[PDB]
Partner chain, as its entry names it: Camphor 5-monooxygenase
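Let's start with one chain on its own, the form deposited without its partner chain, as structure tokens.
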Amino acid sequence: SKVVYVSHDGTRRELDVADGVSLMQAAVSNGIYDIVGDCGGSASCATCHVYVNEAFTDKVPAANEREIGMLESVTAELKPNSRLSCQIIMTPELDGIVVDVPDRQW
């Protein structure tokens, strides 16, 4: 399924992500270095911070308690649509989703 990553400077990178793969896993495995994933995807580092696009902040599953708590550690600006890319799991229903990577993760 399609996922679009928009960097700080507006550069756009589109990837084909399989079911069950997190947006963080797909990013780091494809050279989208704006996303780090320091903790490995267990929601404990906040270095995979991303701003989910408004056309999907409704679609994607709401943030869990652990994510909510770890989000406070993001170094970039925390917004209403700030999510940890490692918590967004790809499915056909998310096809076309767009997320913007913060100016920084640290």
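Positions refer to the first chain, counted from 1.
Just so it is clear, the following notes concern the form solved in complex with its partner chain, a form of the same protein that is not shown.
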* Looking in the deposited bound form, is its partner chain within 4.5 Å of a heavy atom from each of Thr57, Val60 and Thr91? -> no
* Looking in the deposited bound form, any heavy atom of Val52 within 4.5 Å of its partner chain? -> no
* Considering only heavy atoms, tell me if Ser44 and its partner chain come within 4.5 Å of each other in the deposited bound form. => yes
* Asked: So in the deposited bound form, does any heavy atom of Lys79 sit within 4.5 Å of its partner chain?
  -> no
* **Heavy atom within 4.5 Å of its partner chain in the deposited bound form - qualifying residues of 50-80** => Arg66, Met70, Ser73
